[PDB]
Amino acid sequence: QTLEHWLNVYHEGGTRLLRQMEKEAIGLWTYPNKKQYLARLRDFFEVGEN
Amino acid sequence: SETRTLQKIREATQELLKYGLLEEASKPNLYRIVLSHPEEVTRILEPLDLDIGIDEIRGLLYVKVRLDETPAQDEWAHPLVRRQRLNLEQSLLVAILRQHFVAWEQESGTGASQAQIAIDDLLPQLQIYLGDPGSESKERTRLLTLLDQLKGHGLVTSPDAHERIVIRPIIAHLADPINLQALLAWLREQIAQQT
Amino acid sequence: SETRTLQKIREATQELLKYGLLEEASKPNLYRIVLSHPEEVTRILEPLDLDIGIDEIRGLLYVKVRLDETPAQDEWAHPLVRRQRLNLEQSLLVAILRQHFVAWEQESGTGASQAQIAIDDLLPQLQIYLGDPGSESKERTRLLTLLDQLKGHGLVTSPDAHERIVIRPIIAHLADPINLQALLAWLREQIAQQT
Amino acid sequence: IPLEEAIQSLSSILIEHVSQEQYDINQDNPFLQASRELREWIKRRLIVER
């Protein structure tokens with residue numbers, strides 16, 4: 001997965017397509033809000049926001 | 001001081017307002033009441049900047065803005081009427097039903113024989129123009145949602161046991177038939193080029 | 001050919017219909033327009049089976065279903081009114097609001113609607129009745145859903161930046177001692193039926 | 001725990017039990033499982049959030 005990959009799919013179709021592919025995909029997680037994304041990250045790095 | 005408007009008149013008027021329409025063959029008494037009392041009806045509409053257009057053969061009355069076009073605005077704005085823009089699918093089905101109403105009026109005359117059709121044939125065409133949402137039953141569901149929304153917009157009757165529907169005359173009076181026809185041209189164009 | 005009701009009167013009346021109510025504190029133009037031609041409005045509403053109530057101390061106007069012959073079941077049966085009847089819990093919140101409204105009205109006189117409240121204050125009061133699902137966010141969702149529904153009936157502005165809302169004065173007429181006593185008797189009746 | 005952090009971590013542990021098999025193997029969304037479980041436990045007065 002790459003920025004280019006996601007931009008390509010974005011031009012291919014809307015975020016609907018993005019998340020449909022993400023369902024189809026692995027090692028990936030979308031986050032239509034930032035806080036959830038940030039929780040995911042702080043999870044994956046054993047570190048608080050501070 | 002003022003005596004009450006005849007209960008019959010206010011009753012027929014409230015029907016017409018709730019549905020923006022009145023049909024003789026279905027509710028003849030209100031249609032006739034308004035027919036005998038059109039001056040009073042329009043006077044009632046006069047403050048509200050409303051009015052009714054009529055179609056005796058199709059047997060319909062319908063509300064309409066009394067104001068002139070662009071007297072003091074670029075585009076007319078009536079507070080009590082929200083100019084909803086039908087999404088793509090609705091406009092598509094509208095164009096199909098418009099041409100179908102025209103065709104039926106050719107096959108049976110205007111108004112005296114209301115347009116009718118079985119839903120089955122519509123599903124393939126609409127699926128072609130739309131794109132499968134996931135299954136034929138999903139096509140039925142989406143189409144029935146559309147039919148319900150039309151019916152709510154006074155544009156069709158429900159699909160009966162045989163899923164036969166009656167297309168409401170207001171389609172004939174719709175505002176921008178040319179834009180819908182252009183959209184249909186775009187649709188058939190897109191379908192033709194994508195193969 | 002036909003005469004036009006004062007375009008300004010038509011404007012004021014159709015706007016006031018759109019909002020169902022009209023406040024001096026916001027649009028003194030249309031409010032005074034109605035004040036000058038109240039009987040005009042009345043005549044206009046008579047076909048519609050509607051009426052204007054007035055409260056100039058609070059600088060308020062508001063339509064109201066004609067009581068003469070509207071179905072005995074409820075004024076809400078009226079075909080053309082669209083929003084659904086108020087319900088119990090909503091009326092509960094209504095009561096709380098009206099209490100705050102009257103309290104502040106004393107503290108500040110019965111003038112314009114500077115009747116502001118902070119949402120957090122409602123949470124304790126309403127918590128006693130609907131309970132406590134033990135999640136502050138859940139209860140805020142509940143409370144805001146209610147408030148929203150109320151603003152659908154026009155009684156309350158939605159939260160601002162400071163999560164404060166002002167009580168629409170229309171509440172007081174919705175919550176005059178007569179309605180309070182009638183509903184209270186009905187509530188006692190319901191307690192009796194349940195017991 | 002801030003709610004989002006809590007639910008994400010929960011979803012993580014729930015994966016330790018999709019790797020288990022004896023109770024409700026999530027195979028659609030562990031995060032969704034975490035949401036539903038948090039809803040229930042709050043509903044059971046176990047966990048209250050301020």
# chains A, B, ... in the order shown; residues from 1 in each chain; ligands from 1

$ residues_around --residues "residue 121 of chain C" --least-positions-apart "2" --cutoff "12 Å" --atoms "only C-alpha atoms" --output "ChimeraX atom specification"
/C:96-97,100,116-119,123-127,140,143,163-165

$ residues_around --residues "segment 31-43 of chain D" --least-positions-apart "5" --cutoff "7 Å" --atoms "only C-alpha atoms" --output "list in words"
residues 133 and 134 of chain C; 7, 8, 10, 11, 26 and 48 of chain D

$ write_last_selection --atoms "N, CA and C atoms" --output "PDB file, in the first residue's frame"
ATOM      1  N   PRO C 133     -27.675   5.832  32.346  1.00  0.00           N
ATOM      2  CA  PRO C 133     -27.029   4.677  31.712  1.00  0.00           C
ATOM      3  C   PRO C 133     -25.537   4.614  31.982  1.00  0.00           C
ATOM      4  N   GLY C 134     -25.053   5.429  32.912  1.00  0.00           N
ATOM      5  CA  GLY C 134     -23.675   5.316  33.333  1.00  0.00           C
ATOM      6  C   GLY C 134     -22.678   5.582  32.240  1.00  0.00           C
TER       7      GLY C 134
ATOM      8  N   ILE D   7     -11.041   1.295  23.466  1.00  0.00           N
ATOM      9  CA  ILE D   7     -11.709   0.388  22.547  1.00  0.00           C
ATOM     10  C   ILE D   7     -10.715  -0.215  21.580  1.00  0.00           C
ATOM     11  N   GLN D   8      -9.733   0.562  21.133  1.00  0.00           N
ATOM     12  CA  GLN D   8      -8.734   0.002  20.233  1.00  0.00           C
ATOM     13  C   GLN D   8      -7.953  -1.101  20.924  1.00  0.00           C
ATOM     14  N   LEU D  10      -8.909  -2.905  23.415  1.00  0.00           N
ATOM     15  CA  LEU D  10      -9.821  -4.027  23.551  1.00  0.00           C
ATOM     16  C   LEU D  10      -9.854  -4.838  22.272  1.00  0.00           C
ATOM     17  N   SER D  11     -10.077  -4.170  21.143  1.00  0.00           N
ATOM     18  CA  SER D  11     -10.062  -4.873  19.869  1.00  0.00           C
ATOM     19  C   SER D  11      -8.776  -5.659  19.702  1.00  0.00           C
ATOM     20  N   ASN D  26     -14.173 -13.448  16.264  1.00  0.00           N
ATOM     21  CA  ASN D  26     -14.462 -12.352  15.353  1.00  0.00           C
ATOM     22  C   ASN D  26     -13.730 -12.569  14.036  1.00  0.00           C
ATOM     23  N   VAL D  48     -18.314   2.610  33.839  1.00  0.00           N
ATOM     24  CA  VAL D  48     -18.953   3.903  33.664  1.00  0.00           C
ATOM     25  C   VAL D  48     -17.870   4.905  33.325  1.00  0.00           C
TER      26      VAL D  48
END

$ select_by_dssp --residues "chain D" --states "alpha helix (DSSP H)" --output "MDAnalysis selection string"
chainID D and resid 3:18 30:43

$ atom_distance --atom1 "atom CA of residue 166 of chain B" --atom2 "atom CA of residue 142 of chain B"
18.6 Å

$ interface_residues --of "chain A" --to "chain D" --cutoff "8 Å" --atoms "only C-alpha atoms" --output "list in words"
residues 35, 36, 39, 40 and 43 of chain A

$ residues_around --residues "segment 69-75 of chain C" --least-positions-apart "3" --cutoff "10 Å" --atoms "only C-alpha atoms" --output "ChimeraX atom specification"
/B:7 /C:49-50,64-66,78-79,81,85

$ select_by_dssp --residues "segment 91-189 of chain C" --states "strand (DSSP E or B)" --output "list in words"
residues 116, 117, 118, 135, 156, 164, 165, 166 and 167 of chain C

$ interface_residues --of "chain B" --to "chain C" --cutoff "10 Å" --atoms "only C-alpha atoms" --output "PDB file with N, CA and C atoms, in the first residue's frame"
ATOM      1  N   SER B   1     -66.958  38.200  12.636  1.00  0.00           N
ATOM      2  CA  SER B   1     -67.392  39.006  11.460  1.00  0.00           C
ATOM      3  C   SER B   1     -67.508  38.140  10.207  1.00  0.00           C
ATOM      4  N   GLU B   2     -66.371  37.679   9.689  1.00  0.00           N
ATOM      5  CA  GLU B   2     -66.385  36.891   8.462  1.00  0.00           C
ATOM      6  C   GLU B   2     -67.009  35.526   8.706  1.00  0.00           C
ATOM      7  N   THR B   3     -67.951  35.155   7.846  1.00  0.00           N
ATOM      8  CA  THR B   3     -68.500  33.810   7.878  1.00  0.00           C
ATOM      9  C   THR B   3     -67.471  32.816   7.355  1.00  0.00           C
ATOM     10  N   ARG B   4     -67.596  31.572   7.800  1.00  0.00           N
ATOM     11  CA  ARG B   4     -66.601  30.567   7.464  1.00  0.00           C
ATOM     12  C   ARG B   4     -66.713  30.147   6.007  1.00  0.00           C
ATOM     13  N   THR B   5     -65.560  30.004   5.361  1.00  0.00           N
ATOM     14  CA  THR B   5     -65.509  29.351   4.066  1.00  0.00           C
ATOM     15  C   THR B   5     -66.195  27.999   4.159  1.00  0.00           C
ATOM     16  N   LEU B   6     -66.933  27.645   3.116  1.00  0.00           N
ATOM     17  CA  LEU B   6     -67.695  26.408   3.152  1.00  0.00           C
ATOM     18  C   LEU B   6     -66.790  25.249   3.534  1.00  0.00           C
ATOM     19  N   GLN B   7     -67.265  24.430   4.469  1.00  0.00           N
ATOM     20  CA  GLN B   7     -66.462  23.308   4.934  1.00  0.00           C
ATOM     21  C   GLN B   7     -66.009  22.449   3.766  1.00  0.00           C
ATOM     22  N   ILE B   9     -65.318  23.429   0.790  1.00  0.00           N
ATOM     23  CA  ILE B   9     -64.252  24.128   0.088  1.00  0.00           C
ATOM     24  C   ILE B   9     -62.932  23.972   0.829  1.00  0.00           C
ATOM     25  N   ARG B  10     -62.929  24.254   2.132  1.00  0.00           N
ATOM     26  CA  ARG B  10     -61.692  24.155   2.893  1.00  0.00           C
ATOM     27  C   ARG B  10     -61.192  22.718   2.926  1.00  0.00           C
ATOM     28  N   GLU B  11     -62.115  21.758   2.944  1.00  0.00           N
ATOM     29  CA  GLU B  11     -61.736  20.351   2.917  1.00  0.00           C
ATOM     30  C   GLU B  11     -61.020  19.997   1.618  1.00  0.00           C
ATOM     31  N   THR B  13     -59.626  22.000  -0.421  1.00  0.00           N
ATOM     32  CA  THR B  13     -58.397  22.778  -0.475  1.00  0.00           C
ATOM     33  C   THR B  13     -57.291  22.123   0.334  1.00  0.00           C
ATOM     34  N   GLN B  14     -57.613  21.640   1.529  1.00  0.00           N
ATOM     35  CA  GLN B  14     -56.596  21.002   2.345  1.00  0.00           C
ATOM     36  C   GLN B  14     -56.121  19.708   1.710  1.00  0.00           C
ATOM     37  N   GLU B  15     -57.025  18.952   1.088  1.00  0.00           N
ATOM     38  CA  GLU B  15     -56.585  17.804   0.299  1.00  0.00           C
ATOM     39  C   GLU B  15     -55.590  18.238  -0.770  1.00  0.00           C
ATOM     40  N   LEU B  16     -55.978  19.233  -1.565  1.00  0.00           N
ATOM     41  CA  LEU B  16     -55.137  19.689  -2.661  1.00  0.00           C
ATOM     42  C   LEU B  16     -53.774  20.123  -2.149  1.00  0.00           C
ATOM     43  N   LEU B  17     -53.745  20.786  -0.996  1.00  0.00           N
ATOM     44  CA  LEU B  17     -52.482  21.271  -0.458  1.00  0.00           C
ATOM     45  C   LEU B  17     -51.621  20.132   0.055  1.00  0.00           C
ATOM     46  N   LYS B  18     -52.208  19.220   0.825  1.00  0.00           N
ATOM     47  CA  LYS B  18     -51.447  18.088   1.331  1.00  0.00           C
ATOM     48  C   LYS B  18     -50.792  17.334   0.190  1.00  0.00           C
ATOM     49  N   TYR B  19     -51.538  17.099  -0.888  1.00  0.00           N
ATOM     50  CA  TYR B  19     -50.973  16.329  -1.987  1.00  0.00           C
ATOM     51  C   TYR B  19     -50.568  17.210  -3.156  1.00  0.00           C
ATOM     52  N   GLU B  40     -62.722  31.615  -5.708  1.00  0.00           N
ATOM     53  CA  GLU B  40     -62.476  31.656  -4.275  1.00  0.00           C
ATOM     54  C   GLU B  40     -61.195  30.914  -3.936  1.00  0.00           C
ATOM     55  N   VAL B  41     -60.967  29.780  -4.596  1.00  0.00           N
ATOM     56  CA  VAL B  41     -59.764  29.002  -4.333  1.00  0.00           C
ATOM     57  C   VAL B  41     -58.529  29.842  -4.614  1.00  0.00           C
ATOM     58  N   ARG B  43     -58.300  33.063  -4.909  1.00  0.00           N
ATOM     59  CA  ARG B  43     -58.244  34.160  -3.955  1.00  0.00           C
ATOM     60  C   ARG B  43     -57.579  33.711  -2.669  1.00  0.00           C
ATOM     61  N   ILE B  44     -57.955  32.532  -2.184  1.00  0.00           N
ATOM     62  CA  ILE B  44     -57.310  31.982  -1.002  1.00  0.00           C
ATOM     63  C   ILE B  44     -55.819  31.841  -1.248  1.00  0.00           C
ATOM     64  N   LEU B  45     -55.450  31.386  -2.441  1.00  0.00           N
ATOM     65  CA  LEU B  45     -54.038  31.274  -2.767  1.00  0.00           C
ATOM     66  C   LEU B  45     -53.406  32.638  -2.976  1.00  0.00           C
ATOM     67  N   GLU B  46     -54.218  33.648  -3.268  1.00  0.00           N
ATOM     68  CA  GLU B  46     -53.688  34.939  -3.696  1.00  0.00           C
ATOM     69  C   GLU B  46     -52.705  35.523  -2.693  1.00  0.00           C
ATOM     70  N   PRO B  47     -53.016  35.609  -1.401  1.00  0.00           N
ATOM     71  CA  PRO B  47     -52.003  36.086  -0.452  1.00  0.00           C
ATOM     72  C   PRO B  47     -50.758  35.234  -0.447  1.00  0.00           C
ATOM     73  N   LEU B  48     -50.915  33.917  -0.550  1.00  0.00           N
ATOM     74  CA  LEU B  48     -49.779  33.022  -0.399  1.00  0.00           C
ATOM     75  C   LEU B  48     -48.919  32.966  -1.643  1.00  0.00           C
ATOM     76  N   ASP B  49     -49.265  33.718  -2.681  1.00  0.00           N
ATOM     77  CA  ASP B  49     -48.545  33.656  -3.940  1.00  0.00           C
ATOM     78  C   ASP B  49     -48.624  32.259  -4.540  1.00  0.00           C
ATOM     79  N   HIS B  78     -39.734  30.409  -3.330  1.00  0.00           N
ATOM     80  CA  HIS B  78     -40.989  30.437  -2.599  1.00  0.00           C
ATOM     81  C   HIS B  78     -40.793  29.808  -1.231  1.00  0.00           C
ATOM     82  N   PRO B  79     -41.029  30.529  -0.138  1.00  0.00           N
ATOM     83  CA  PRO B  79     -40.716  29.961   1.179  1.00  0.00           C
ATOM     84  C   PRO B  79     -41.386  28.627   1.448  1.00  0.00           C
ATOM     85  N   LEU B  80     -42.639  28.457   1.041  1.00  0.00           N
ATOM     86  CA  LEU B  80     -43.395  27.267   1.405  1.00  0.00           C
ATOM     87  C   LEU B  80     -43.183  26.110   0.445  1.00  0.00           C
ATOM     88  N   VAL B  81     -42.239  26.224  -0.481  1.00  0.00           N
ATOM     89  CA  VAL B  81     -41.976  25.181  -1.468  1.00  0.00           C
ATOM     90  C   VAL B  81     -40.459  25.039  -1.556  1.00  0.00           C
TER      91      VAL B  81
END

$ residues_around --residues "segment 4-18 of chain A" --least-positions-apart "5" --cutoff "12 Å" --atoms "only C-alpha atoms" --output "PyMOL selection string"
chain A and resi 23-25+28-32

$ write_last_selection --atoms "C-alpha atoms" --output "PDB file, in the first residue's frame"
ATOM      1  CA  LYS A  23     -12.287  -4.737   3.477  1.00  0.00           C
ATOM      2  CA  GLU A  24     -10.805  -6.776   0.650  1.00  0.00           C
ATOM      3  CA  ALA A  25      -7.296  -5.815   1.768  1.00  0.00           C
ATOM      4  CA  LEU A  28      -4.522  -1.833   6.325  1.00  0.00           C
ATOM      5  CA  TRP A  29      -7.002   0.195   8.354  1.00  0.00           C
ATOM      6  CA  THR A  30      -8.913   3.269   7.294  1.00  0.00           C
ATOM      7  CA  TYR A  31     -10.108   5.801   9.836  1.00  0.00           C
ATOM      8  CA  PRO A  32     -12.755   8.266   8.667  1.00  0.00           C
TER       9      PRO A  32
END

$ closest_residue --among "C:150, C:167, C:194, C:139" --to "chain D" --atoms "only C-alpha atoms"
C:139

$ decode --residues "segment 22-154 of chain C" --atoms "C-alpha atoms" --output "PDB file, in the first residue's frame"
ATOM      1  CA  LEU C  22     -42.373  35.183  14.158  1.00  0.00           C
ATOM      2  CA  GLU C  23     -40.546  37.268  16.740  1.00  0.00           C
ATOM      3  CA  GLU C  24     -40.222  41.012  16.999  1.00  0.00           C
ATOM      4  CA  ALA C  25     -36.761  40.467  18.467  1.00  0.00           C
ATOM      5  CA  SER C  26     -35.635  38.995  15.126  1.00  0.00           C
ATOM      6  CA  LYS C  27     -37.748  40.306  12.223  1.00  0.00           C
ATOM      7  CA  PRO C  28     -39.608  43.356  13.538  1.00  0.00           C
ATOM      8  CA  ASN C  29     -40.570  44.259   9.984  1.00  0.00           C
ATOM      9  CA  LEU C  30     -42.821  41.275   9.316  1.00  0.00           C
ATOM     10  CA  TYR C  31     -43.953  41.231  12.939  1.00  0.00           C
ATOM     11  CA  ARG C  32     -45.204  44.809  12.722  1.00  0.00           C
ATOM     12  CA  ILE C  33     -46.627  44.058   9.276  1.00  0.00           C
ATOM     13  CA  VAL C  34     -48.839  41.435  10.871  1.00  0.00           C
ATOM     14  CA  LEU C  35     -49.619  43.788  13.751  1.00  0.00           C
ATOM     15  CA  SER C  36     -50.945  46.274  11.210  1.00  0.00           C
ATOM     16  CA  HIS C  37     -52.953  43.663   9.286  1.00  0.00           C
ATOM     17  CA  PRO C  38     -53.847  41.030  11.875  1.00  0.00           C
ATOM     18  CA  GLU C  39     -57.381  40.665  10.560  1.00  0.00           C
ATOM     19  CA  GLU C  40     -55.894  40.228   7.098  1.00  0.00           C
ATOM     20  CA  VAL C  41     -53.887  37.302   8.423  1.00  0.00           C
ATOM     21  CA  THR C  42     -56.976  35.941  10.153  1.00  0.00           C
ATOM     22  CA  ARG C  43     -59.017  35.997   6.963  1.00  0.00           C
ATOM     23  CA  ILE C  44     -56.112  34.380   5.152  1.00  0.00           C
ATOM     24  CA  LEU C  45     -55.924  31.570   7.678  1.00  0.00           C
ATOM     25  CA  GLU C  46     -59.662  30.932   7.808  1.00  0.00           C
ATOM     26  CA  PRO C  47     -59.629  28.880   4.583  1.00  0.00           C
ATOM     27  CA  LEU C  48     -56.641  27.120   6.082  1.00  0.00           C
ATOM     28  CA  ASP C  49     -58.403  26.615   9.423  1.00  0.00           C
ATOM     29  CA  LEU C  50     -55.583  28.418  11.221  1.00  0.00           C
ATOM     30  CA  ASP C  51     -55.283  31.418  13.493  1.00  0.00           C
ATOM     31  CA  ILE C  52     -52.823  33.926  14.886  1.00  0.00           C
ATOM     32  CA  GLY C  53     -52.131  34.120  18.583  1.00  0.00           C
ATOM     33  CA  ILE C  54     -50.246  37.173  19.784  1.00  0.00           C
ATOM     34  CA  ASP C  55     -47.979  38.058  22.700  1.00  0.00           C
ATOM     35  CA  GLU C  56     -46.530  41.524  22.300  1.00  0.00           C
ATOM     36  CA  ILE C  57     -44.934  41.678  25.743  1.00  0.00           C
ATOM     37  CA  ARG C  58     -42.697  38.885  24.473  1.00  0.00           C
ATOM     38  CA  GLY C  59     -42.782  40.210  20.917  1.00  0.00           C
ATOM     39  CA  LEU C  60     -44.149  36.963  19.546  1.00  0.00           C
ATOM     40  CA  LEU C  61     -46.624  35.851  16.932  1.00  0.00           C
ATOM     41  CA  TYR C  62     -47.509  32.270  16.188  1.00  0.00           C
ATOM     42  CA  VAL C  63     -50.008  30.393  14.086  1.00  0.00           C
ATOM     43  CA  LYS C  64     -52.438  28.046  15.801  1.00  0.00           C
ATOM     44  CA  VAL C  65     -54.942  25.546  14.441  1.00  0.00           C
ATOM     45  CA  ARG C  66     -58.470  26.927  14.336  1.00  0.00           C
ATOM     46  CA  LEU C  67     -60.489  25.346  17.135  1.00  0.00           C
ATOM     47  CA  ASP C  68     -63.950  25.922  15.664  1.00  0.00           C
ATOM     48  CA  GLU C  69     -64.409  22.601  13.890  1.00  0.00           C
ATOM     49  CA  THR C  70     -61.003  20.906  13.715  1.00  0.00           C
ATOM     50  CA  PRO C  71     -61.561  17.219  14.571  1.00  0.00           C
ATOM     51  CA  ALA C  72     -62.387  16.709  18.228  1.00  0.00           C
ATOM     52  CA  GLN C  73     -59.657  14.060  18.393  1.00  0.00           C
ATOM     53  CA  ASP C  74     -56.842  16.609  18.170  1.00  0.00           C
ATOM     54  CA  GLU C  75     -55.798  19.752  16.366  1.00  0.00           C
ATOM     55  CA  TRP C  76     -52.886  17.579  15.250  1.00  0.00           C
ATOM     56  CA  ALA C  77     -55.241  15.647  12.978  1.00  0.00           C
ATOM     57  CA  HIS C  78     -55.083  18.685  10.684  1.00  0.00           C
ATOM     58  CA  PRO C  79     -53.990  17.333   7.287  1.00  0.00           C
ATOM     59  CA  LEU C  80     -51.620  20.149   6.397  1.00  0.00           C
ATOM     60  CA  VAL C  81     -49.614  20.409   9.609  1.00  0.00           C
ATOM     61  CA  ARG C  82     -46.758  17.979   9.165  1.00  0.00           C
ATOM     62  CA  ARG C  83     -44.646  17.538  12.296  1.00  0.00           C
ATOM     63  CA  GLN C  84     -45.784  14.791  14.624  1.00  0.00           C
ATOM     64  CA  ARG C  85     -47.513  15.394  17.939  1.00  0.00           C
ATOM     65  CA  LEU C  86     -45.430  16.088  20.992  1.00  0.00           C
ATOM     66  CA  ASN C  87     -44.868  13.067  23.223  1.00  0.00           C
ATOM     67  CA  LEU C  88     -44.354  12.345  26.893  1.00  0.00           C
ATOM     68  CA  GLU C  89     -40.625  12.561  27.510  1.00  0.00           C
ATOM     69  CA  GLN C  90     -40.508  15.536  25.182  1.00  0.00           C
ATOM     70  CA  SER C  91     -43.144  17.198  27.313  1.00  0.00           C
ATOM     71  CA  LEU C  92     -41.020  16.323  30.335  1.00  0.00           C
ATOM     72  CA  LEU C  93     -38.123  18.258  28.889  1.00  0.00           C
ATOM     73  CA  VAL C  94     -40.607  20.967  27.944  1.00  0.00           C
ATOM     74  CA  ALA C  95     -41.598  21.277  31.569  1.00  0.00           C
ATOM     75  CA  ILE C  96     -38.001  21.585  32.676  1.00  0.00           C
ATOM     76  CA  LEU C  97     -37.355  24.250  30.082  1.00  0.00           C
ATOM     77  CA  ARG C  98     -40.464  26.240  30.924  1.00  0.00           C
ATOM     78  CA  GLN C  99     -39.394  26.208  34.551  1.00  0.00           C
ATOM     79  CA  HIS C 100     -36.036  27.701  33.657  1.00  0.00           C
ATOM     80  CA  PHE C 101     -37.738  30.119  31.273  1.00  0.00           C
ATOM     81  CA  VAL C 102     -40.067  31.529  33.891  1.00  0.00           C
ATOM     82  CA  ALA C 103     -37.302  31.704  36.483  1.00  0.00           C
ATOM     83  CA  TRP C 104     -35.057  33.767  34.248  1.00  0.00           C
ATOM     84  CA  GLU C 105     -38.028  35.817  33.070  1.00  0.00           C
ATOM     85  CA  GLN C 106     -38.497  36.907  36.652  1.00  0.00           C
ATOM     86  CA  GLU C 107     -34.794  37.554  37.082  1.00  0.00           C
ATOM     87  CA  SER C 108     -34.692  39.726  33.969  1.00  0.00           C
ATOM     88  CA  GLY C 109     -38.277  40.805  33.371  1.00  0.00           C
ATOM     89  CA  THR C 110     -40.590  39.559  30.642  1.00  0.00           C
ATOM     90  CA  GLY C 111     -38.694  41.149  27.751  1.00  0.00           C
ATOM     91  CA  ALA C 112     -36.860  39.708  24.777  1.00  0.00           C
ATOM     92  CA  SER C 113     -35.409  36.196  24.680  1.00  0.00           C
ATOM     93  CA  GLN C 114     -32.124  36.440  26.476  1.00  0.00           C
ATOM     94  CA  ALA C 115     -33.383  33.246  28.150  1.00  0.00           C
ATOM     95  CA  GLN C 116     -30.123  31.307  27.924  1.00  0.00           C
ATOM     96  CA  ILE C 117     -29.296  27.978  29.543  1.00  0.00           C
ATOM     97  CA  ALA C 118     -26.194  25.809  29.660  1.00  0.00           C
ATOM     98  CA  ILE C 119     -26.733  22.214  28.600  1.00  0.00           C
ATOM     99  CA  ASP C 120     -24.741  20.762  31.487  1.00  0.00           C
ATOM    100  CA  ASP C 121     -27.384  22.075  33.872  1.00  0.00           C
ATOM    101  CA  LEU C 122     -30.069  20.000  32.180  1.00  0.00           C
ATOM    102  CA  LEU C 123     -28.090  16.798  32.650  1.00  0.00           C
ATOM    103  CA  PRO C 124     -28.621  16.625  36.434  1.00  0.00           C
ATOM    104  CA  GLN C 125     -32.301  17.498  36.263  1.00  0.00           C
ATOM    105  CA  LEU C 126     -33.187  15.123  33.452  1.00  0.00           C
ATOM    106  CA  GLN C 127     -30.951  12.446  34.943  1.00  0.00           C
ATOM    107  CA  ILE C 128     -33.421  11.847  37.768  1.00  0.00           C
ATOM    108  CA  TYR C 129     -36.245  10.712  35.502  1.00  0.00           C
ATOM    109  CA  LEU C 130     -34.730   8.979  32.498  1.00  0.00           C
ATOM    110  CA  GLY C 131     -32.114   7.592  34.842  1.00  0.00           C
ATOM    111  CA  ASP C 132     -28.401   7.127  34.292  1.00  0.00           C
ATOM    112  CA  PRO C 133     -27.029   4.677  31.712  1.00  0.00           C
ATOM    113  CA  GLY C 134     -23.675   5.316  33.333  1.00  0.00           C
ATOM    114  CA  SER C 135     -21.980   6.967  30.369  1.00  0.00           C
ATOM    115  CA  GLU C 136     -21.979  10.757  30.203  1.00  0.00           C
ATOM    116  CA  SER C 137     -21.658  10.662  26.421  1.00  0.00           C
ATOM    117  CA  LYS C 138     -24.678   8.387  26.112  1.00  0.00           C
ATOM    118  CA  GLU C 139     -26.828  10.751  28.144  1.00  0.00           C
ATOM    119  CA  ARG C 140     -25.616  13.738  26.143  1.00  0.00           C
ATOM    120  CA  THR C 141     -26.573  11.908  22.965  1.00  0.00           C
ATOM    121  CA  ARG C 142     -29.989  11.298  24.466  1.00  0.00           C
ATOM    122  CA  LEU C 143     -30.367  14.907  25.580  1.00  0.00           C
ATOM    123  CA  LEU C 144     -29.303  16.386  22.270  1.00  0.00           C
ATOM    124  CA  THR C 145     -31.586  14.032  20.388  1.00  0.00           C
ATOM    125  CA  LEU C 146     -34.432  15.347  22.514  1.00  0.00           C
ATOM    126  CA  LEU C 147     -33.422  18.976  22.102  1.00  0.00           C
ATOM    127  CA  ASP C 148     -33.202  18.492  18.362  1.00  0.00           C
ATOM    128  CA  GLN C 149     -36.687  17.033  18.287  1.00  0.00           C
ATOM    129  CA  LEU C 150     -37.885  20.067  20.224  1.00  0.00           C
ATOM    130  CA  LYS C 151     -36.330  22.470  17.748  1.00  0.00           C
ATOM    131  CA  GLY C 152     -38.308  20.558  15.152  1.00  0.00           C
ATOM    132  CA  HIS C 153     -41.349  21.915  16.958  1.00  0.00           C
ATOM    133  CA  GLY C 154     -39.554  25.276  17.062  1.00  0.00           C
TER     134      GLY C 154
END
